[PDB]
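Trainee: Chains as they are written, first to last, in the entry's author numbering: chain G, 890 to 943; chain A, 693 to 943; chain X, 446 to 451, 458 to 544; chain W, 249 to 297; chain D, 200 to 204, 211 to 451, 458 to 495; chain L, 150 to 199; chain Z, 3 to 150. Sharing a structure, written as C-alpha cells. Questions coming.
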Amino acid sequence: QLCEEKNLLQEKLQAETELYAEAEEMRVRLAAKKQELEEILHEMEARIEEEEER
Amino acid sequence: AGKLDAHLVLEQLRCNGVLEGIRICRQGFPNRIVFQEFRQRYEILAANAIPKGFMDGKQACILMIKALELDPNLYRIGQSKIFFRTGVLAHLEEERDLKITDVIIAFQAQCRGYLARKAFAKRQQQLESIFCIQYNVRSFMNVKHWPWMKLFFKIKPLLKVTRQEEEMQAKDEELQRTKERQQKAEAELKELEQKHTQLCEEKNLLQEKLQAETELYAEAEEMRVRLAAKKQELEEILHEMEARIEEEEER
Amino acid sequence: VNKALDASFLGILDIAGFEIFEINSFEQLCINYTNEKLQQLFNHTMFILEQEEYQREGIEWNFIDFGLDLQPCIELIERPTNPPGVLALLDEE
Amino acid sequence: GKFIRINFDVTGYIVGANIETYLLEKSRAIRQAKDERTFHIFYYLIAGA
Amino acid sequence: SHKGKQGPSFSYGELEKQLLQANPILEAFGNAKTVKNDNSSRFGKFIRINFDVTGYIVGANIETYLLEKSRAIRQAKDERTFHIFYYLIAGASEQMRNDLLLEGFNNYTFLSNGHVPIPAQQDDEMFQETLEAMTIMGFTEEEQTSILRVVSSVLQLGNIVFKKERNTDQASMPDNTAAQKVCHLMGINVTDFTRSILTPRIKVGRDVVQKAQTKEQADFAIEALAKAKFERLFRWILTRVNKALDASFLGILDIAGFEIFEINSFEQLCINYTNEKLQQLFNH
Amino acid sequence: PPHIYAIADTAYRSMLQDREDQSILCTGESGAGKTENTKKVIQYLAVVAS
Amino acid sequence: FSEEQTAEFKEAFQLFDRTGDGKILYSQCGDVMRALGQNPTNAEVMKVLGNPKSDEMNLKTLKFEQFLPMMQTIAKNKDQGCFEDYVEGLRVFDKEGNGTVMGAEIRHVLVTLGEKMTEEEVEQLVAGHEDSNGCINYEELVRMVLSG
Numbered sequence: 890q891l892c893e894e895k896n897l898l899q900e901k902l903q904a905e906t907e908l909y910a911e912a913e914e915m916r917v918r919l920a921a922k923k924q925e926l927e928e929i930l931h932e933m934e935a936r937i938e939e940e941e942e943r
Numbered sequence: 693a694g695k696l697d698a699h700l701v702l703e704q705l706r707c708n709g710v711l712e713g714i715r716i717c718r719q720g721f722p723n724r725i726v727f728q729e730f731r732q733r734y735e736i737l738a739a740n741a742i743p744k745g746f747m748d749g750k751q752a753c754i755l756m757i758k759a760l761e762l763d764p765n766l767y768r769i770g771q772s773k774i775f776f777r778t779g780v781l782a783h784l785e786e787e788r789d790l791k792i793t794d795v796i797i798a799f800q801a802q803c804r805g806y807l808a809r810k811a812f813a814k815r816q817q818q819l820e821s822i823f824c825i826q827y828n829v830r831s832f833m834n835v836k837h838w839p840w841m842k843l844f845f846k847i848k849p850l851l852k853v854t855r856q857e858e859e860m861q862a863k864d865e866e867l868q869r870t871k872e873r874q875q876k877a878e879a880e881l882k883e884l885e886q887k888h889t890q891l892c893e894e895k896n897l898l899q900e901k902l903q904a905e906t907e908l909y910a911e912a913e914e915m916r917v918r919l920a921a922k923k924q925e926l927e928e929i930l931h932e933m934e935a936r937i938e939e940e941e942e943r
Numbered sequence: 446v447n448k449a450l451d458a459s460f461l462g463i464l465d466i467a468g469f470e471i472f473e474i475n476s477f478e479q480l481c482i483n484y485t486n487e488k489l490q491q492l493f494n495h496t497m498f499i500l501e502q503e504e505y506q507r508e509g510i511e512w513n514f515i516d517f518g519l520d521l522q523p524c525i526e527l528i529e530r531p532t533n534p535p536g537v538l539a540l541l542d543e544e
Numbered sequence: 249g250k251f252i253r254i255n256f257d258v259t260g261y262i263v264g265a266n267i268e269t270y271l272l273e274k275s276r277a278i279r280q281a282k283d284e285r286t287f288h289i290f291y292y293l294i295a296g297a
Numbered sequence: 200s201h202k203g204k211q212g213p214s215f216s217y218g219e220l221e222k223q224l225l226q227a228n229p230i231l232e233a234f235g236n237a238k239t240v241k242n243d244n245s246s247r248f249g250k251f252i253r254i255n256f257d258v259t260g261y262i263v264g265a266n267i268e269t270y271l272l273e274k275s276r277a278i279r280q281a282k283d284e285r286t287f288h289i290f291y292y293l294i295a296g297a298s299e300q301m302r303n304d305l306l307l308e309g310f311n312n313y314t315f316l317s318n319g320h321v322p323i324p325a326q327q328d329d330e331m332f333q334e335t336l337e338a339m340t341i342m343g344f345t346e347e348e349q350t351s352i353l354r355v356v357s358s359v360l361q362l363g364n365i366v367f368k369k370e371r372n373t374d375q376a377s378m379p380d381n382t383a384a385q386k387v388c389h390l391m392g393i394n395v396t397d398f399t400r401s402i403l404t405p406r407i408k409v410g411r412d413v414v415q416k417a418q419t420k421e422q423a424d425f426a427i428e429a430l431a432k433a434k435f436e437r438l439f440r441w442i443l444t445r446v447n448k449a450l451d458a459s460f461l462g463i464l465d466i467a468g469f470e471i472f473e474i475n476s477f478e479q480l481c482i483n484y485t486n487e488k489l490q491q492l493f494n495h
Numbered sequence: 150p151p152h153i154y155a156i157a158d159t160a161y162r163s164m165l166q167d168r169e170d171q172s173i174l175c176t177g178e179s180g181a182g183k184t185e186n187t188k189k190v191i192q193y194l195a196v197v198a199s
Numbered sequence: 003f004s005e006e007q008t009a010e011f012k013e014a015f016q017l018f019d020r021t022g023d024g025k026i027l028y029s030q031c032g033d034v035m036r037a038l039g040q041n042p043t044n045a046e047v048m049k050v051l052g053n054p055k056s057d058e059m060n061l062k063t064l065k066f067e068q069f070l071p072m073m074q075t076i077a078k079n080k081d082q083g084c085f086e087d088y089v090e091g092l093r094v095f096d097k098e099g100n101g102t103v104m105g106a107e108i109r110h111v112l113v114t115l116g117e118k119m120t121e122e123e124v125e126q127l128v129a130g131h132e133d134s135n136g137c138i139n140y141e142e143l144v145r146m147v148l149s150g
C-alpha cells in the first residue's frame, strides 16, 4: 500500500499540477461526451414523439 | 353534485319516517337498564346511598337515584329495568369514568417504576465491571508503546516448554523444524518492517515536496476524478432519456 | 369467495334500492317489494316494538300512533292462501 | 341484494365472513335497456382481454 | 424386599414405605363424618398390588369409583364434608392461612352444621399427619401448598352471592370480594368470570346464543362448578399417588357399604346397587 | 362528529359490550349510496377490529 | 429524609450523569425518583417541574440540592394503588373468569389507556409471564411489579 501511495505521490509531484491538468482534461472530455449524449437523447425523444403521433 | 332538490329530499324524509323516527327519541325513553347492572355500574357514584345490609335490587337502586337527585323526568322506573332518557345514561357513564381515571393510569405508573428501578440497577452491573473494563484498556494504550512491554510480548511465547520436545525423537525433530521456520519468519517480518518504515519516510518526504506543485497536482487529480464521475453519470442519464424518448415516440 | 372469507357476528345489509324505470318487470316487483319490506321493519322496531316494552315493564306511558304501516301493501303481494298476493296468483296460474 | 356477515371471537377479533347474495337480475345479461349496460365484467373482458 | 437388615417398629422397603402412606392420603379428600361413621369412605376403592416371580411387592394401582363429591357443597344434618376441608381451615399455618384466604369456620357456607367435631380425632394434628403423608408419598413441597389453595377456592366459591333483581330479574354480583378472591386462587380473571358466571356468552348449535341466567342458574353453576372443581382434584391426586405406587397381583376391594339415610339420593342408589351387585358375586 | 366510521364502531362495541349480535341496515332509494356506506363499514372494521 | 438516606440519595443522583457536570436533565428526574423507590405518576413529576415542554425537557438540567426538594414533595402523597383495586381492574379483561388474560389484550390496554406506555415497555414487562397459550395471570403480574 505504502509503495503504491509513494508512486502516486511521485507522479503527482512530477506532481499535483500534472494531476490537476490531467483531471481537467478528463473533465472536459466528460463534459463533451455528456453534451453529445444529451443531444442524442433529445433527438431520440423527438423521434419517439413523432413515431407515437404517427 | 352540489345540487340538492328540496322536495325530492322532503318526500324521502317523509316515506322513510324520519321525523317520527325522532319524536320517540325525544318523546320516549330509548335507553333502559336492568336493576342489577345499574346498581352495579354506578354505585361508585353513591357509596353511601345503599346501606351495608342487602336490599331488593329495585328499591336498593332507587335509593341511589335519589342520591344523584336525578330529575323524575329523565328516568322511568319499571318492573325489572329502569327506562332512561337520551343522554341521561351517557353523563352517568362520564362521571364514573372520572371517578376512576386517576386509579386507572395508576397501575401504568408502578410499571414505569418497577420497569425502571430494575433497568437502572442493570447499568450498575456493567459498571465495577465497567471500571475493570475502563482502566484495563487505558493500560494497554500506554503500555503497547513501551520497549519492555513489546519485549515481553515477543518473548511471552517462548515461555511455558522444551528438552523433552527436542528429544522427541520425531517430536524433537518437528520442534527443531518449527523453531527454524519461526526464526526465518521473524527475520522476514523484521525486514518487512524496515522496508515499510523506509517507504513511509519516503512517502512523507514526497508529500512535503508535493505540497506546492505536488499538492496542486493532487487537487487537480481529485477534481478530474470528480469530473469524470459526473460525466459518466450524465452520460447514463442521457442514455436513459434517449431510450425513454424513443419509447414515447413509438407510443 | 365465501370459501376464504370463511361467538359474535356483525350484519351489514345492502339490498337493491327502490328502482322504477320504464318497463317495470318482475324483478322490479320483488326488488321494490323487499324495499317496502325492509322499511316496515324500521317501522316495527321503531314505533311498534318500542312501545310494547313500555307496556310490558309497566311504566307510566300512553301509546302514540305514528301512523306508519305497510303490512297491507305486503299482503297484496306476499300473502298466499286467503286473499292471495300478486306473487301467489302468478304462481299457480 | 347482498347481506355480509362478519364473525368475531371472544377477544373481539375478526375471524370469519359470509355473504348471502339474493335477486341477481341476470336477465339483462341478454338484453340491456336504453342507455344501460350489462354486467361490468363483460365489457372489462372484451377490453382488458 | 429388605435393604438387608415391636408393634409398628420396623424399617420397611422404600416403596412399601409409600404403599403405606397412600391410603392415609385418599382418606383426607375422600372420607367424611356421617350418621353411620365418623370417618366414612365416601368412594369405593379397589387396590391392586403387583408381585414379581420371586414373590416380592413391586407395584400398586388404585381404581377409585363413585366419589360422592356432592356433599362438598351441602352436608346433611350431623354430617361433615371431606376431612381435608376442616383439616385445612385449622391446620393452616398463620402465614399460609391468609395465603389461601382461609377465614375461620362458619365464614364459609359450604360447611352445613358449621364446624362439627369428630370424636377421638383432632383435626388440628390430623393436618400434619396427612401433610406428613403427602411428603412421604412424593408431593413436592409447593406441589402441596397448591393442592391446598384449590381447596380454599372450592370453599370461597361458596360465599359468592346472587340476589334476585325485580327490575331485570337476573340476580347480580352486588359484592366483588367474594369472586374477587376466588378468581385469584384460580389464576383467572374477575370481570370475565363474572360475565361468564352471570351472562353465559354461550354458543348453542349454529348460534352464538348469548344469554343471561336467573339468580338460581347463577348459582347452580357457581355451585356445580366448585363441586366439580373438587372431583378434578381427587382424580388428580389419585394419579399422583398412583404414579409412585407404580407376573402376579393381589386384589383388595373396599367398596362403600350399603348405606341408607333420610334423603336417598342417586348416589345411595348406585352405592346400594354395587352392594347388591357384589353380594350376588359371592352367591355365584 | 357524525360519520359512518362512527356507526360502525358504535355497533362493533355494543356487540362486545352487552354480548348481542348486531346489524347495520342501509336503506334509501336506489342510488342513495346504500353500497358505498357498506364498503366503509367493512373498511373500518377491517382495521379497527382485525 | 434522614441524612442517612439523603447522604445516599446523592449516591443515586450522582449515579445518573453520562457526561459529568452533575446535572440530571429535566427528563431523568422521573427515573431517578423511581430508582429511589418512587412511583410518581407522569403528572406528579411534571407538576414539580413547572410543566416544561418536550424541547426544554431535554435541555434543562438539575442539581441534587434543587432535586432533593422535589424527591420529598413527591415522597409524601395522598394515595397509591394496591392489589385490592389494581387487579380488580385487570380482572375486567379476563375473557371468561379463567383468572388469566391474554398477553395481547393486556399488552393492548396498557398501551392505549391513560398514561400510555410503549410497545417495548409492555414487552419488557409481561414478557415471560405468558404461558403456552400466551396467558398471563394478572394476580401475579400485579404482585410482580408491586412487591418487586
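Virtual Cβ for every residue (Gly too), placed ideally from N, Cα, C.
1. Quick check on this structure: which residue in A:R918, A:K773 and A:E939 has the alpha carbon closest to the alpha carbon of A912 of chain G?
2. In terms of residues, what are the limits of the beta strand (DSSP E) holding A237 of chain D?
3. By the three-class DSSP mapping on this structure, what secondary structure does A265 of chain D have?
4. By Cβ distance below 6 Å, which residues in the same chain neighbour residue 452 of chain X in space, the five residues on each side in sequence not counted?
5. Could you work out which residues of chain L lie near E470 of chain X, taking near to mean beta carbons separated by less than 9 Å?
6. To be precise: take each residue of the segment 902-923 of chain A, compare its Cβ to all Cβ atoms of chain G, and keep it if any distance is under 9 Å. Which residues remain?
7. Once you ignore the five residues that flank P324 of chain D on each side, which residues in its own chain have a CB closer than 7 Å to its CB?
8. Pull up the DSSP beta-bridge partners for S275 of chain D, would you.
9. Should the segment 302-318 of chain D be called in touch with the segment 352-362 of chain D, which here means at least 3 C-beta pairs below 8 Å?
10. Once you ignore the five residues that flank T335 of chain D on each side, which residues in its own chain have a CB closer than 6 Å to its CB?
11. At what residue ranges does the segment 753-821 of chain A contain a whole run of the beta strand (DSSP E), taking only runs of 3 or more?
12. Can you tell me which of Z:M146, Z:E142, Z:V147 and Z:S149 puts its alpha carbon nearest to the alpha carbon of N394 of chain D?
13. If we define contact as Cβ-Cβ less than 9 Å, is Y270 of chain W a contact residue for chain L?
14. Alpha carbon to alpha carbon, how far is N79 of chain Z from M35 of chain Z?
15. Quick one, are the C-beta atoms of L898 of chain G and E905 of chain A less than 9 Å apart?
16. Going straight from the alpha carbon of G518 of chain X to that of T269 of chain W, what length do you get?
17. Applying a beta-carbon distance threshold of less than 8 Å, which residues of chain D neighbour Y140 of chain Z?
18. What number of angstroms, rounded off, separates the C-alpha of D380 of chain D from the C-alpha of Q361 of chain D?
19. Going by the beta-carbon positions, is the gap between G52 of chain Z and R804 of chain A smaller than 9 Å?
20. Is there at least one Cβ from chain L nearer than 9 Å to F256 of chain W's Cβ?
21. Within 10 angstroms of the Cβ of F256 of chain W, are there 16 or more other Cβ atoms? Answer buried if so, exposed if not.
22. So, are the CB atoms of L461 of chain X and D167 of chain L less than 9 Å apart?
23. What are the boundary residues of the alpha helix (DSSP H) that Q226 of chain D is part of?
24. First and last residue of the beta strand (DSSP E) that includes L464 of chain D?
25. Looking at the strands, I want to know which residues DSSP matches up with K250 of chain W.
26. If you follow the alpha helix (DSSP H) that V446 of chain D is in, where does it begin and where does it stop?
27. For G260 of chain W, go through chain C and note every residue whose CB falls closer than 7 Å to its CB, in chain order.
28. Can you pull the chain A residues whose beta carbon is under 8 Å from the beta carbon of residue 208 of chain D, in chain order?
29. Between the segment 94-115 of chain Z and chain D, which residues of the former have a C-beta closer than 9 Å to a C-beta of the latter?
30. Assuming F493 of chain X and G709 of chain A are in contact, meaning their beta carbons sit under 8 Å apart, how far apart are those beta carbons, in whole angstroms?
31. Quick check: residue 452 of chain D and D96 of chain Z, are their CB atoms within less than 9 Å of each other?
32. Between A:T854, A:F746 and A:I742, which has its C-alpha nearest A759 of chain A's C-alpha?
33. Which residue from A:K791, A:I714 and A:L843 puts its Cα closest to that of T778 of chain A?
34. If we ignore side chains and look at the alpha-carbon of each, how far apart do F11 of chain Z and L38 of chain Z end up?
35. At a Cβ cut of 8 Å, what residues of the segment 766-790 of chain A count as close to chain X, listed as they run along the chain?
36. Applying the criterion that 16 or more other CB atoms from any shown protein chain within 10 Å of the CB defines a buried residue, is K773 of chain A buried or exposed?
Mentor: This is what the structure holds:
1. A:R918
2. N236 to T239
3. strand
4. Regarding the residue in question, residue 452 of chain X is not represented: chain X runs 451 and then 458, omitting everything in between.
5. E178, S179 and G180
6. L902, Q903, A904, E905, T906, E907, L908, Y909, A910, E911, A912, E913, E914, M915, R916, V917, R918, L919, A920, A921, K922 and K923
7. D243
8. Looking at the DSSP output, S275 of chain D sits in no beta bridge, so it has no partner there.
9. Yes, they touch.
10. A233
11. 773-776
12. Z:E142
13. no
14. 14 Å
15. no
16. 33 Å
17. Those within 8 Å of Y140 of chain Z in chain D are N394.
18. 13 Å
19. no
20. Taking 9 Å as the threshold, the shortest C-beta distance from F256 of chain W to chain L falls below it.
21. buried
22. no
23. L220 to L231
24. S459 to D465
25. X:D465 and W:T269
26. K420 to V446
27. This model lacks chain C altogether; the protein chains it does include are G, A, X, W, D, L and Z.
28. Between 204 and 211 in chain D the model has nothing, and residue 208 of chain D is one of the residues in that span.
29. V94, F95, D96, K97, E98, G99, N100, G101, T102 and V103
30. 7 Å
31. You won't find residue 452 of chain D in this model, because chain D goes from 451 right to 458.
32. A:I742
33. Of the candidates A:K791, A:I714 and A:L843, the one whose C-alpha sits nearest the C-alpha of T778 of chain A is A:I714.
34. 7 Å
35. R768, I769, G770, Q771, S772, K773 and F775
36. buried
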